[PDB]
$ cat structure-v6.pdb   # PDB, C-alpha atoms and all ligand atoms
MODEL        1
ATOM      1  CA  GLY A   1     105.057  93.490  92.266
ATOM      2  CA  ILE A   2     104.137  90.470  94.413
ATOM      3  CA  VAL A   3     102.610  88.581  91.503
ATOM      4  CA  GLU A   4     105.601  88.872  89.313
ATOM      5  CA  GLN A   5     108.032  88.080  92.172
ATOM      6  CA  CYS A   6     106.043  85.158  93.664
ATOM      7  CA  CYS A   7     103.634  83.694  91.120
ATOM      8  CA  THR A   8     105.122  84.365  87.653
ATOM      9  CA  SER A   9     108.544  83.943  89.089
ATOM     10  CA  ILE A  10     109.466  82.115  92.314
ATOM     11  CA  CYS A  11     109.976  83.669  95.780
ATOM     12  CA  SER A  12     111.129  82.620  99.259
ATOM     13  CA  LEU A  13     109.235  83.068 102.527
ATOM     14  CA  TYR A  14     111.637  85.919 103.328
ATOM     15  CA  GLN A  15     110.756  87.764 100.112
ATOM     16  CA  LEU A  16     107.141  87.353 101.065
ATOM     17  CA  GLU A  17     107.848  89.305 104.272
ATOM     18  CA  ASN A  18     108.487  92.322 102.006
ATOM     19  CA  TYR A  19     104.684  92.735 101.819
ATOM     20  CA  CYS A  20     103.996  92.649 105.540
ATOM     21  CA  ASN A  21     102.925  95.804 107.295
TER      22      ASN A  21
ATOM     23  CA  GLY B   1     103.975  66.638 119.438
ATOM     24  CA  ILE B   2     104.015  69.408 116.760
ATOM     25  CA  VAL B   3     100.530  68.680 115.546
ATOM     26  CA  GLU B   4      99.141  69.201 119.036
ATOM     27  CA  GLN B   5     101.496  72.055 120.025
ATOM     28  CA  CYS B   6     100.580  74.274 117.053
ATOM     29  CA  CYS B   7      96.884  73.795 117.797
ATOM     30  CA  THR B   8      96.668  73.883 121.681
ATOM     31  CA  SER B   9      99.351  76.535 121.977
ATOM     32  CA  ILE B  10     101.545  78.164 119.290
ATOM     33  CA  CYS B  11     104.427  77.139 117.100
ATOM     34  CA  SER B  12     106.998  78.764 114.859
ATOM     35  CA  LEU B  13     107.897  78.257 111.166
ATOM     36  CA  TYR B  14     111.385  77.207 112.429
ATOM     37  CA  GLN B  15     109.836  74.436 114.546
ATOM     38  CA  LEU B  16     107.719  73.339 111.505
ATOM     39  CA  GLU B  17     110.826  73.205 109.328
ATOM     40  CA  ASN B  18     112.004  70.321 111.490
ATOM     41  CA  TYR B  19     109.325  68.096 109.855
ATOM     42  CA  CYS B  20     110.543  68.600 106.297
ATOM     43  CA  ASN B  21     112.184  65.619 104.607
TER      44      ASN B  21
ATOM     45  CA  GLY C   1      88.337  95.878 113.764
ATOM     46  CA  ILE C   2      87.140  93.737 110.793
ATOM     47  CA  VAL C   3      89.507  90.903 111.513
ATOM     48  CA  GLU C   4      88.104  90.541 115.016
ATOM     49  CA  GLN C   5      84.464  91.327 114.116
ATOM     50  CA  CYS C   6      84.193  88.596 111.459
ATOM     51  CA  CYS C   7      85.605  86.044 113.895
ATOM     52  CA  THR C   8      83.976  86.969 117.305
ATOM     53  CA  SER C   9      80.680  87.918 115.709
ATOM     54  CA  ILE C  10      79.664  88.099 112.017
ATOM     55  CA  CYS C  11      80.406  90.313 109.068
ATOM     56  CA  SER C  12      79.071  90.935 105.588
ATOM     57  CA  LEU C  13      80.724  90.831 102.129
ATOM     58  CA  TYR C  14      79.817  94.568 101.872
ATOM     59  CA  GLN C  15      81.792  95.315 105.050
ATOM     60  CA  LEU C  16      84.744  93.241 103.665
ATOM     61  CA  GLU C  17      84.657  95.197 100.413
ATOM     62  CA  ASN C  18      85.730  98.234 102.414
ATOM     63  CA  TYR C  19      89.232  96.681 102.758
ATOM     64  CA  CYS C  20      89.870  96.371  99.031
ATOM     65  CA  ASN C  21      92.477  98.698  97.538
TER      66      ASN C  21
ATOM     67  CA  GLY D   1      76.991  75.333  83.602
ATOM     68  CA  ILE D   2      78.935  76.726  86.578
ATOM     69  CA  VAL D   3      82.281  75.566  85.225
ATOM     70  CA  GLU D   4      81.886  77.211  81.913
ATOM     71  CA  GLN D   5      80.472  80.431  83.446
ATOM     72  CA  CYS D   6      82.995  80.710  86.324
ATOM     73  CA  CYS D   7      86.148  78.728  85.585
ATOM     74  CA  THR D   8      86.513  78.582  81.774
ATOM     75  CA  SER D   9      85.033  82.004  81.546
ATOM     76  CA  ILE D  10      84.871  84.620  84.326
ATOM     77  CA  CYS D  11      81.935  85.282  86.699
ATOM     78  CA  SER D  12      80.933  87.771  89.407
ATOM     79  CA  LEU D  13      79.866  86.969  92.968
ATOM     80  CA  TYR D  14      76.291  87.738  91.886
ATOM     81  CA  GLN D  15      76.421  85.151  89.091
ATOM     82  CA  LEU D  16      77.660  82.692  91.654
ATOM     83  CA  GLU D  17      74.431  83.239  93.622
ATOM     84  CA  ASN D  18      72.641  81.584  90.672
ATOM     85  CA  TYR D  19      73.739  78.225  92.148
ATOM     86  CA  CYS D  20      72.492  78.805  95.674
ATOM     87  CA  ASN D  21      69.509  76.875  96.922
TER      88      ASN D  21
ATOM     89  CA  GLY E   1      71.961  66.863 109.105
ATOM     90  CA  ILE E   2      75.423  66.080 107.608
ATOM     91  CA  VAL E   3      76.634  69.636 107.817
ATOM     92  CA  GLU E   4      75.966  69.708 111.548
ATOM     93  CA  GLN E   5      76.994  66.085 112.249
ATOM     94  CA  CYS E   6      80.486  66.444 110.739
ATOM     95  CA  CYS E   7      81.082  69.588 112.790
ATOM     96  CA  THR E   8      79.461  68.805 116.239
ATOM     97  CA  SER E   9      80.524  65.174 116.147
ATOM     98  CA  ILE E  10      82.289  63.167 113.400
ATOM     99  CA  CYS E  11      81.418  61.796 110.007
ATOM    100  CA  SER E  12      82.841  59.371 107.483
ATOM    101  CA  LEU E  13      83.789  59.749 103.786
ATOM    102  CA  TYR E  14      81.108  57.068 103.094
ATOM    103  CA  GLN E  15      78.441  59.242 104.744
ATOM    104  CA  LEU E  16      79.692  62.273 102.701
ATOM    105  CA  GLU E  17      79.461  60.266  99.488
ATOM    106  CA  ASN E  18      75.703  60.214  99.997
ATOM    107  CA  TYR E  19      75.598  63.944  99.064
ATOM    108  CA  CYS E  20      77.193  63.519  95.648
ATOM    109  CA  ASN E  21      74.946  64.040  92.628
TER     110      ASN E  21
ATOM    111  CA  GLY F   1     105.833  58.982  93.258
ATOM    112  CA  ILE F   2     102.724  60.749  94.596
ATOM    113  CA  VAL F   3     103.059  63.654  92.184
ATOM    114  CA  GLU F   4     103.222  61.534  89.133
ATOM    115  CA  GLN F   5     100.402  59.226  90.331
ATOM    116  CA  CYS F   6      98.054  61.991  91.584
ATOM    117  CA  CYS F   7      98.886  65.331  89.983
ATOM    118  CA  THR F   8     100.478  64.577  86.580
ATOM    119  CA  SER F   9      98.253  61.595  86.250
ATOM    120  CA  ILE F  10      94.963  60.977  88.090
ATOM    121  CA  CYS F  11      94.466  58.955  91.308
ATOM    122  CA  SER F  12      91.613  57.695  93.499
ATOM    123  CA  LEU F  13      91.167  58.277  97.231
ATOM    124  CA  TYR F  14      92.263  54.661  97.750
ATOM    125  CA  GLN F  15      95.548  55.235  95.905
ATOM    126  CA  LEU F  16      96.075  58.228  98.121
ATOM    127  CA  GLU F  17      95.950  55.905 101.152
ATOM    128  CA  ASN F  18      99.211  54.403  99.829
ATOM    129  CA  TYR F  19     100.997  57.410 101.389
ATOM    130  CA  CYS F  20      99.478  57.145 104.846
ATOM    131  CA  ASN F  21     101.632  56.048 107.732
TER     132      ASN F  21
ATOM    133  CA  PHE G   1      74.806  87.400  99.982
ATOM    134  CA  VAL G   2      74.699  86.027 103.509
ATOM    135  CA  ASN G   3      76.569  87.135 106.632
ATOM    136  CA  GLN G   4      79.827  85.462 107.384
ATOM    137  CA  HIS G   5      81.662  83.995 110.327
ATOM    138  CA  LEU G   6      85.303  84.033 109.444
ATOM    139  CA  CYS G   7      88.421  83.385 111.433
ATOM    140  CA  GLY G   8      92.062  83.086 110.674
ATOM    141  CA  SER G   9      93.042  82.350 107.136
ATOM    142  CA  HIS G  10      89.282  82.078 106.179
ATOM    143  CA  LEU G  11      89.042  85.863 106.413
ATOM    144  CA  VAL G  12      91.956  86.253 103.981
ATOM    145  CA  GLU G  13      90.312  83.822 101.511
ATOM    146  CA  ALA G  14      87.067  85.865 101.706
ATOM    147  CA  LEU G  15      88.927  89.164 101.164
ATOM    148  CA  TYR G  16      90.703  87.623  98.161
ATOM    149  CA  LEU G  17      87.341  86.621  96.603
ATOM    150  CA  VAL G  18      85.697  89.930  97.332
ATOM    151  CA  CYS G  19      88.516  92.168  96.080
ATOM    152  CA  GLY G  20      89.893  90.336  93.031
ATOM    153  CA  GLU G  21      92.495  92.299  91.108
ATOM    154  CA  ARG G  22      91.964  95.307  93.332
ATOM    155  CA  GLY G  23      93.716  93.386  96.148
ATOM    156  CA  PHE G  24      93.213  94.327  99.757
ATOM    157  CA  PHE G  25      94.848  95.084 103.078
ATOM    158  CA  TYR G  26      94.742  92.734 106.060
ATOM    159  CA  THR G  27      95.126  94.548 109.346
ATOM    160  CA  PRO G  28      94.408  92.698 112.615
ATOM    161  CA  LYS G  29      94.357  94.344 115.982
ATOM    162  CA  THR G  30      97.599  94.490 117.937
TER     163      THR G  30
ATOM    164  CA  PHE H   1     113.261  77.260 103.705
ATOM    165  CA  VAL H   2     112.329  76.933  99.975
ATOM    166  CA  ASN H   3     111.223  79.043  96.910
ATOM    167  CA  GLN H   4     107.975  77.973  95.064
ATOM    168  CA  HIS H   5     105.271  79.518  92.684
ATOM    169  CA  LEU H   6     102.575  81.064  94.940
ATOM    170  CA  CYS H   7      99.549  82.341  92.997
ATOM    171  CA  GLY H   8      96.049  83.570  93.730
ATOM    172  CA  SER H   9      94.482  82.565  96.949
ATOM    173  CA  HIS H  10      97.607  80.498  97.666
ATOM    174  CA  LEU H  11      99.687  83.670  97.588
ATOM    175  CA  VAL H  12      97.514  85.442 100.115
ATOM    176  CA  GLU H  13      97.418  82.330 102.367
ATOM    177  CA  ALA H  14     101.258  82.424 102.357
ATOM    178  CA  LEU H  15     101.278  86.205 103.208
ATOM    179  CA  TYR H  16      98.855  85.436 106.058
ATOM    180  CA  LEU H  17     101.244  82.699 107.318
ATOM    181  CA  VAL H  18     104.361  84.793 107.014
ATOM    182  CA  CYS H  19     102.923  88.190 108.286
ATOM    183  CA  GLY H  20     100.278  87.150 110.806
ATOM    184  CA  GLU H  21      99.529  89.947 113.330
ATOM    185  CA  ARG H  22     101.753  92.400 111.490
ATOM    186  CA  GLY H  23      99.100  92.342 108.711
ATOM    187  CA  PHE H  24     100.013  92.713 105.033
ATOM    188  CA  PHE H  25      98.925  94.261 101.760
ATOM    189  CA  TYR H  26      98.064  92.267  98.648
ATOM    190  CA  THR H  27      98.326  94.624  95.671
ATOM    191  CA  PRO H  28      98.529  92.746  92.359
ATOM    192  CA  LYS H  29      98.368  95.934  90.110
ATOM    193  CA  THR H  30     101.580  96.646  91.986
TER     194      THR H  30
ATOM    195  CA  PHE I   1      82.767  93.497  93.518
ATOM    196  CA  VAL I   2      84.942  91.800  90.821
ATOM    197  CA  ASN I   3      84.869  88.941  88.195
ATOM    198  CA  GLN I   4      87.701  86.285  88.345
ATOM    199  CA  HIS I   5      88.384  82.609  87.170
ATOM    200  CA  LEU I   6      87.115  80.306  89.968
ATOM    201  CA  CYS I   7      87.952  76.630  89.379
ATOM    202  CA  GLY I   8      87.875  73.382  91.312
ATOM    203  CA  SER I   9      87.921  73.556  95.026
ATOM    204  CA  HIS I  10      88.222  77.346  94.706
ATOM    205  CA  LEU I  11      84.865  77.433  92.941
ATOM    206  CA  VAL I  12      83.105  75.524  95.679
ATOM    207  CA  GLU I  13      84.786  77.664  98.392
ATOM    208  CA  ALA I  14      83.335  80.742  96.611
ATOM    209  CA  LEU I  15      79.819  79.122  96.438
ATOM    210  CA  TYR I  16      80.131  78.373 100.169
ATOM    211  CA  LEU I  17      81.024  82.057 100.809
ATOM    212  CA  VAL I  18      78.289  83.461  98.632
ATOM    213  CA  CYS I  19      75.439  80.968  99.575
ATOM    214  CA  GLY I  20      76.195  80.076 103.188
ATOM    215  CA  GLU I  21      73.072  78.814 105.034
ATOM    216  CA  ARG I  22      71.004  78.858 101.861
ATOM    217  CA  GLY I  23      73.171  75.906 100.700
ATOM    218  CA  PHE I  24      74.081  75.379  97.040
ATOM    219  CA  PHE I  25      74.556  72.754  94.361
ATOM    220  CA  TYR I  26      77.836  72.131  92.555
ATOM    221  CA  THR I  27      77.029  70.288  89.324
ATOM    222  CA  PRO I  28      79.914  70.414  86.834
ATOM    223  CA  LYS I  29      78.260  68.028  84.223
ATOM    224  CA  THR I  30      75.726  70.842  84.200
TER     225      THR I  30
ATOM    226  CA  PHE J   1     108.204  85.410 110.799
ATOM    227  CA  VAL J   2     105.516  85.350 113.465
ATOM    228  CA  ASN J   3     104.325  82.500 115.686
ATOM    229  CA  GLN J   4     101.450  80.442 114.468
ATOM    230  CA  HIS J   5      98.256  78.948 115.788
ATOM    231  CA  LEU J   6      97.383  76.104 113.511
ATOM    232  CA  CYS J   7      94.831  73.358 113.717
ATOM    233  CA  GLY J   8      93.627  70.653 111.447
ATOM    234  CA  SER J   9      94.289  71.040 107.781
ATOM    235  CA  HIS J  10      95.852  74.537 108.461
ATOM    236  CA  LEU J  11      98.915  72.791 109.879
ATOM    237  CA  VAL J  12      99.296  70.743 106.683
ATOM    238  CA  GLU J  13      99.032  73.912 104.537
ATOM    239  CA  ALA J  14     101.770  75.551 106.671
ATOM    240  CA  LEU J  15     104.037  72.481 106.398
ATOM    241  CA  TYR J  16     103.515  72.480 102.619
ATOM    242  CA  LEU J  17     104.613  76.152 102.401
ATOM    243  CA  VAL J  18     107.567  75.697 104.694
ATOM    244  CA  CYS J  19     108.950  72.526 103.094
ATOM    245  CA  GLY J  20     108.353  73.015  99.359
ATOM    246  CA  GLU J  21     109.895  70.321  97.194
ATOM    247  CA  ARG J  22     111.523  68.735 100.213
ATOM    248  CA  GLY J  23     108.046  67.569 101.326
ATOM    249  CA  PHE J  24     107.347  66.663 104.912
ATOM    250  CA  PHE J  25     105.864  64.137 107.298
ATOM    251  CA  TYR J  26     102.628  64.693 109.207
ATOM    252  CA  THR J  27     102.471  62.689 112.400
ATOM    253  CA  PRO J  28      99.731  63.438 114.961
ATOM    254  CA  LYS J  29      99.555  61.862 118.357
ATOM    255  CA  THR J  30      97.621  58.624 118.715
TER     256      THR J  30
ATOM    257  CA  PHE K   1      89.674  56.008 105.453
ATOM    258  CA  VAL K   2      89.374  57.648 108.853
ATOM    259  CA  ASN K   3      86.467  59.538 110.418
ATOM    260  CA  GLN K   4      86.376  63.250 109.975
ATOM    261  CA  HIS K   5      85.704  66.346 112.010
ATOM    262  CA  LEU K   6      84.738  69.032 109.584
ATOM    263  CA  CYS K   7      83.322  72.483 110.023
ATOM    264  CA  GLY K   8      82.585  75.374 107.783
ATOM    265  CA  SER K   9      84.334  75.496 104.474
ATOM    266  CA  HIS K  10      86.312  72.286 105.432
ATOM    267  CA  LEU K  11      83.146  70.270 104.846
ATOM    268  CA  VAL K  12      82.797  71.732 101.339
ATOM    269  CA  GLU K  13      86.451  70.877 100.543
ATOM    270  CA  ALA K  14      85.831  67.271 101.707
ATOM    271  CA  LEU K  15      82.642  66.979  99.614
ATOM    272  CA  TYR K  16      84.551  68.309  96.591
ATOM    273  CA  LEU K  17      87.248  65.612  97.025
ATOM    274  CA  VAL K  18      84.773  62.835  97.617
ATOM    275  CA  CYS K  19      82.423  63.644  94.728
ATOM    276  CA  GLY K  20      84.737  64.781  91.918
ATOM    277  CA  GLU K  21      82.977  65.353  88.617
ATOM    278  CA  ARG K  22      79.725  64.074  90.055
ATOM    279  CA  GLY K  23      79.514  67.292  92.127
ATOM    280  CA  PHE K  24      77.393  67.478  95.231
ATOM    281  CA  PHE K  25      74.779  69.410  97.156
ATOM    282  CA  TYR K  26      75.523  71.378 100.319
ATOM    283  CA  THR K  27      72.491  71.754 102.534
ATOM    284  CA  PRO K  28      72.917  73.058 106.104
ATOM    285  CA  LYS K  29      70.148  73.188 108.627
ATOM    286  CA  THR K  30      68.041  76.332 108.792
TER     287      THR K  30
ATOM    288  CA  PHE L   1      84.455  57.542  94.836
ATOM    289  CA  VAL L   2      86.223  59.365  91.931
ATOM    290  CA  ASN L   3      89.736  59.959  90.389
ATOM    291  CA  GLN L   4      90.871  63.636  89.855
ATOM    292  CA  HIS L   5      94.183  65.682  89.405
ATOM    293  CA  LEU L   6      95.381  66.624  92.929
ATOM    294  CA  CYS L   7      98.392  68.967  92.912
ATOM    295  CA  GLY L   8     100.315  71.097  95.374
ATOM    296  CA  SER L   9      98.591  72.143  98.499
ATOM    297  CA  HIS L  10      95.459  70.401  97.191
ATOM    298  CA  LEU L  11      97.334  67.103  97.185
ATOM    299  CA  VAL L  12      98.404  67.431 100.789
ATOM    300  CA  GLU L  13      94.877  68.531 101.844
ATOM    301  CA  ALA L  14      93.581  65.286 100.249
ATOM    302  CA  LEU L  15      96.266  63.180 102.086
ATOM    303  CA  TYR L  16      95.209  64.910 105.323
ATOM    304  CA  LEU L  17      91.549  63.986 104.593
ATOM    305  CA  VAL L  18      92.275  60.415 103.639
ATOM    306  CA  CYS L  19      94.978  59.617 106.337
ATOM    307  CA  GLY L  20      93.932  61.744 109.304
ATOM    308  CA  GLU L  21      95.328  60.375 112.610
ATOM    309  CA  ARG L  22      97.367  57.732 110.820
ATOM    310  CA  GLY L  23      99.538  60.629 109.534
ATOM    311  CA  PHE L  24     101.190  60.553 106.104
ATOM    312  CA  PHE L  25     104.333  61.461 104.210
ATOM    313  CA  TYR L  26     104.435  63.911 101.313
ATOM    314  CA  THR L  27     107.619  63.220  99.344
ATOM    315  CA  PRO L  28     107.526  64.773  95.863
ATOM    316  CA  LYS L  29     111.206  63.847  94.941
ATOM    317  CA  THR L  30     109.778  60.371  95.411
TER     318      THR L  30
HETATM  319 CL    CL M 101      95.480  76.220  91.511
HETATM  320 CL    CL M 102      88.913  76.383 111.281
HETATM  321 ZN    ZN M 103      89.673  76.400 108.995
HETATM  322 ZN    ZN M 104      94.445  76.111  94.316
ENDMDL
END
$ encode --input "structure-v6.pdb" --output "C-alpha cells"
Amino acid sequence: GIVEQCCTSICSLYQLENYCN
Amino acid sequence: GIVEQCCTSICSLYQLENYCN
Amino acid sequence: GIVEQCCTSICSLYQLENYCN
Amino acid sequence: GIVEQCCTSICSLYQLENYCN
Amino acid sequence: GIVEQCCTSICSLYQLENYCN
Amino acid sequence: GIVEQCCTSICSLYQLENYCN
Amino acid sequence: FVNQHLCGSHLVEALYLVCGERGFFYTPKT
Amino acid sequence: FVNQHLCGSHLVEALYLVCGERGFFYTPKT
Amino acid sequence: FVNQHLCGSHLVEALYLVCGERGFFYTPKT
Amino acid sequence: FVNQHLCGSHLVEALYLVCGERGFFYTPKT
Amino acid sequence: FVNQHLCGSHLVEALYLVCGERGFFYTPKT
Amino acid sequence: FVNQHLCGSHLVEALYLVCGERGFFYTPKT
C-alpha cells in the first residue's frame, strides 16, 4: 500500500494521486 | 511574486516547480 | 462537515476519531 | 521522561496529557 | 504573553529563547 | 553543503543564516 | 483533551495523530 | 517533479498537497 | 485512540494538540 | 494536482515536496 | 535573525528549534 | 541557542524561521 510505495520505497507526486478520492 | 500569490490568491504545483534549482 | 467545522468553529479529538478507518 | 516514554518507546494521547500544565 | 504577542503582533527568536528551560 | 553541515552533522541557528539571501 | 481549531494541513496532522495505524479519510466539502 | 521517501505525518501532508479538495484516504494496513 | 513513536518536533506538535490552552512543558533532559 | 492556498511556512513545505533533491529558492517580496 | 509572526502550532515549532535539548514551556493566556 | 540535527522538511522549516523575508536557498546537491 501507500507506505510501501512511498515511505519504504520512493514515490512521485503522481503516484501519490493514486490515493486521492 | 510566488510567495505572495500563493497566499493572497492561489497557485499551482506547476507554478511552484519554477522555483526549483 | 468536519473539515469545515474544525476550521470555522472548533472540534474535538473525539469527533476527529470518527474519521479513522 | 517524555522522550523515553513517547519517542524511544511508544505512548498514547492520554500519556501525553501527563505533560500538560 | 508570548503566545499572544507572536500571533497578534511579532516576536523575536531572542524573546522566544526566554521560554527555554 | 547544508545537508552535511546541518543534517548529517549538527549546526546552530547562526550557521543556518549562512544560507539566507 | 481540549477542543481544537484546525485549518488546512493542521487538520490532517491532527487526524494522523488521532488515528495512528488505523489511518483515516480526509473529505472536505465540495 | 521528483521521487522521495515520504513517511508518517510527512506522507499525509503530501497527500493533502496533492489531493486537496478531492480528499484522500490514508490506509497504512493497506 | 492509538499509541505511536512521537519524536522531536512531532512530539511537541502532539503535546500542543493534546494540551492546547492548558499549556505544557517539553523537558527532554527529564 | 489541485490549486493551492499556501501561506507562511506552508509554502516552504510545498516547495520542498515539489523540488526534492533539486532544492529550491524562497524569495518573498521586500 | 528576523522577527517572526507565529500562531498556533507554528509557535511551538519555533520554540522547539530555539530551545533544542533544553526544551521549553508553552503557556498561553487563559 | 542550541545545535541539533535538522533534516528534510525540518531543515527548510528552520531556514524559513531563521531567514524570513531575506529569503534563502535550499541546495542539497551543494
Ligand atoms: Cl522524521
Ligand atoms: Cl496557519
Ligand atoms: Zn499553519
Ligand atoms: Zn518529521
$ resolve_selection --input "structure-v6.pdb" --expression "the PyMOL selection byres (((chain E and resi 4) around 12) and not hetatm)" --output "number ranges by chain"
E: 1-3, 5-11; I: 21; K: 5-8, 11, 26-30
$ write_last_selection --input "structure-v6.pdb" --atoms "C-alpha atoms" --output "PDB file, keeping the file's coordinate frame"
ATOM      1  CA  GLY E   1      71.961  66.863 109.105  1.00  0.00           C
ATOM      2  CA  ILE E   2      75.423  66.080 107.608  1.00  0.00           C
ATOM      3  CA  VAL E   3      76.634  69.636 107.817  1.00  0.00           C
ATOM      4  CA  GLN E   5      76.994  66.085 112.249  1.00  0.00           C
ATOM      5  CA  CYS E   6      80.486  66.444 110.739  1.00  0.00           C
ATOM      6  CA  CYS E   7      81.082  69.588 112.790  1.00  0.00           C
ATOM      7  CA  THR E   8      79.461  68.805 116.239  1.00  0.00           C
ATOM      8  CA  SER E   9      80.524  65.174 116.147  1.00  0.00           C
ATOM      9  CA  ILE E  10      82.289  63.167 113.400  1.00  0.00           C
ATOM     10  CA  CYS E  11      81.418  61.796 110.007  1.00  0.00           C
TER      11      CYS E  11
ATOM     12  CA  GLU I  21      73.072  78.814 105.034  1.00  0.00           C
TER      13      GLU I  21
ATOM     14  CA  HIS K   5      85.704  66.346 112.010  1.00  0.00           C
ATOM     15  CA  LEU K   6      84.738  69.032 109.584  1.00  0.00           C
ATOM     16  CA  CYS K   7      83.322  72.483 110.023  1.00  0.00           C
ATOM     17  CA  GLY K   8      82.585  75.374 107.783  1.00  0.00           C
ATOM     18  CA  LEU K  11      83.146  70.270 104.846  1.00  0.00           C
ATOM     19  CA  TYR K  26      75.523  71.378 100.319  1.00  0.00           C
ATOM     20  CA  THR K  27      72.491  71.754 102.534  1.00  0.00           C
ATOM     21  CA  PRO K  28      72.917  73.058 106.104  1.00  0.00           C
ATOM     22  CA  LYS K  29      70.148  73.188 108.627  1.00  0.00           C
ATOM     23  CA  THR K  30      68.041  76.332 108.792  1.00  0.00           C
TER      24      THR K  30
END
$ resolve_selection --input "structure-v6.pdb" --expression "the PyMOL selection byres (((not hetatm)) within 7 of (chain M and resi 103))" --output "PyMOL selection string"
(chain G and resi 10) or (chain J and resi 10) or (chain K and resi 10)
$ calpha_fit_and_write --input "structure-v6.pdb" --fixed "chain K" --moving "chain J" --output "short mmCIF file (atom, residue, chain, number, x, y, z; two decimals) with C-alpha atoms, in the coordinates of the input"
data_model
loop_
_atom_site.label_atom_id
_atom_site.label_comp_id
_atom_site.auth_asym_id
_atom_site.auth_seq_id
_atom_site.Cartn_x
_atom_site.Cartn_y
_atom_site.Cartn_z
CA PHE J 1 89.67 56.01 105.45
CA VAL J 2 89.37 57.65 108.85
CA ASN J 3 86.47 59.54 110.42
CA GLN J 4 86.38 63.25 109.97
CA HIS J 5 85.70 66.35 112.01
CA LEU J 6 84.74 69.03 109.58
CA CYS J 7 83.32 72.48 110.02
CA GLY J 8 82.59 75.37 107.78
CA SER J 9 84.33 75.50 104.47
CA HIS J 10 86.31 72.29 105.43
CA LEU J 11 83.15 70.27 104.85
CA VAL J 12 82.80 71.73 101.34
CA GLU J 13 86.45 70.88 100.54
CA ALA J 14 85.83 67.27 101.71
CA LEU J 15 82.64 66.98 99.61
CA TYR J 16 84.55 68.31 96.59
CA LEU J 17 87.25 65.61 97.03
CA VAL J 18 84.77 62.83 97.62
CA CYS J 19 82.42 63.64 94.73
CA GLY J 20 84.74 64.78 91.92
CA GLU J 21 82.98 65.35 88.62
CA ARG J 22 79.72 64.07 90.06
CA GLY J 23 79.51 67.29 92.13
CA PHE J 24 77.39 67.48 95.23
CA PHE J 25 74.78 69.41 97.16
CA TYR J 26 75.52 71.38 100.32
CA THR J 27 72.49 71.75 102.53
CA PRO J 28 72.92 73.06 106.10
CA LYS J 29 70.15 73.19 108.63
CA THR J 30 68.04 76.33 108.79
#
$ interface_residues --input "structure-v6.pdb" --of "chain K" --to "chain L" --cutoff "9 Å" --atoms "all atoms listed in the file" --output "list in words"
residues 1, 2, 3, 4, 13, 14, 17, 18, 19, 20, 21 and 22 of chain K
$ write_last_selection --input "structure-v6.pdb" --atoms "C-alpha atoms" --output "PDB file, in the frame of the given file"
ATOM      1  CA  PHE K   1      89.674  56.008 105.453  1.00  0.00           C
ATOM      2  CA  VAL K   2      89.374  57.648 108.853  1.00  0.00           C
ATOM      3  CA  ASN K   3      86.467  59.538 110.418  1.00  0.00           C
ATOM      4  CA  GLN K   4      86.376  63.250 109.975  1.00  0.00           C
ATOM      5  CA  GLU K  13      86.451  70.877 100.543  1.00  0.00           C
ATOM      6  CA  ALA K  14      85.831  67.271 101.707  1.00  0.00           C
ATOM      7  CA  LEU K  17      87.248  65.612  97.025  1.00  0.00           C
ATOM      8  CA  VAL K  18      84.773  62.835  97.617  1.00  0.00           C
ATOM      9  CA  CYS K  19      82.423  63.644  94.728  1.00  0.00           C
ATOM     10  CA  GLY K  20      84.737  64.781  91.918  1.00  0.00           C
ATOM     11  CA  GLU K  21      82.977  65.353  88.617  1.00  0.00           C
ATOM     12  CA  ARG K  22      79.725  64.074  90.055  1.00  0.00           C
TER      13      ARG K  22
END
$ atom_distance --input "structure-v6.pdb" --atom1 "CA of residue 12 (chain C)" --atom2 "CA of residue 20 (chain E)"
29.2 Å
$ atom_distance --input "structure-v6.pdb" --atom1 "CA of residue 15 (chain C)" --atom2 "CA of residue 14 (chain D)"
16.2 Å
$ calpha_fit_rmsd --input "structure-v6.pdb" --fixed "chain C" --moving "chain F"
1.1 Å
$ atom_distance --input "structure-v6.pdb" --atom1 "CA of residue 17 (chain E)" --atom2 "CA of residue 13 (chain D)"
27.5 Å
$ build_atoms --input "structure-v6.pdb" --residues "region 7-16 of chain G" --atoms "N, CA and C atoms" --output "PDB file, in the frame of the given file"
ATOM      1  N   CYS G   7      87.254  83.253 110.608  1.00  0.00           N
ATOM      2  CA  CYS G   7      88.421  83.385 111.433  1.00  0.00           C
ATOM      3  C   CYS G   7      89.648  82.938 110.742  1.00  0.00           C
ATOM      4  N   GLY G   8      90.779  83.434 111.220  1.00  0.00           N
ATOM      5  CA  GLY G   8      92.062  83.086 110.674  1.00  0.00           C
ATOM      6  C   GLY G   8      92.238  83.325 109.188  1.00  0.00           C
ATOM      7  N   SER G   9      92.842  82.326 108.579  1.00  0.00           N
ATOM      8  CA  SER G   9      93.042  82.350 107.136  1.00  0.00           C
ATOM      9  C   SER G   9      91.699  82.427 106.328  1.00  0.00           C
ATOM     10  N   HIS G  10      90.557  81.991 106.905  1.00  0.00           N
ATOM     11  CA  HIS G  10      89.282  82.078 106.179  1.00  0.00           C
ATOM     12  C   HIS G  10      88.905  83.507 105.881  1.00  0.00           C
ATOM     13  N   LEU G  11      89.271  84.442 106.762  1.00  0.00           N
ATOM     14  CA  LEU G  11      89.042  85.863 106.413  1.00  0.00           C
ATOM     15  C   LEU G  11      89.842  86.341 105.146  1.00  0.00           C
ATOM     16  N   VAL G  12      91.109  85.934 105.083  1.00  0.00           N
ATOM     17  CA  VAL G  12      91.956  86.253 103.981  1.00  0.00           C
ATOM     18  C   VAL G  12      91.472  85.665 102.654  1.00  0.00           C
ATOM     19  N   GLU G  13      90.977  84.423 102.666  1.00  0.00           N
ATOM     20  CA  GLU G  13      90.312  83.822 101.511  1.00  0.00           C
ATOM     21  C   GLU G  13      89.087  84.669 101.109  1.00  0.00           C
ATOM     22  N   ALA G  14      88.283  85.094 102.069  1.00  0.00           N
ATOM     23  CA  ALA G  14      87.067  85.865 101.706  1.00  0.00           C
ATOM     24  C   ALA G  14      87.493  87.225 101.097  1.00  0.00           C
ATOM     25  N   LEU G  15      88.458  87.901 101.715  1.00  0.00           N
ATOM     26  CA  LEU G  15      88.927  89.164 101.164  1.00  0.00           C
ATOM     27  C   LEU G  15      89.454  89.006  99.717  1.00  0.00           C
ATOM     28  N   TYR G  16      90.198  87.936  99.468  1.00  0.00           N
ATOM     29  CA  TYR G  16      90.703  87.623  98.161  1.00  0.00           C
ATOM     30  C   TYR G  16      89.566  87.498  97.156  1.00  0.00           C
TER      31      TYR G  16
END
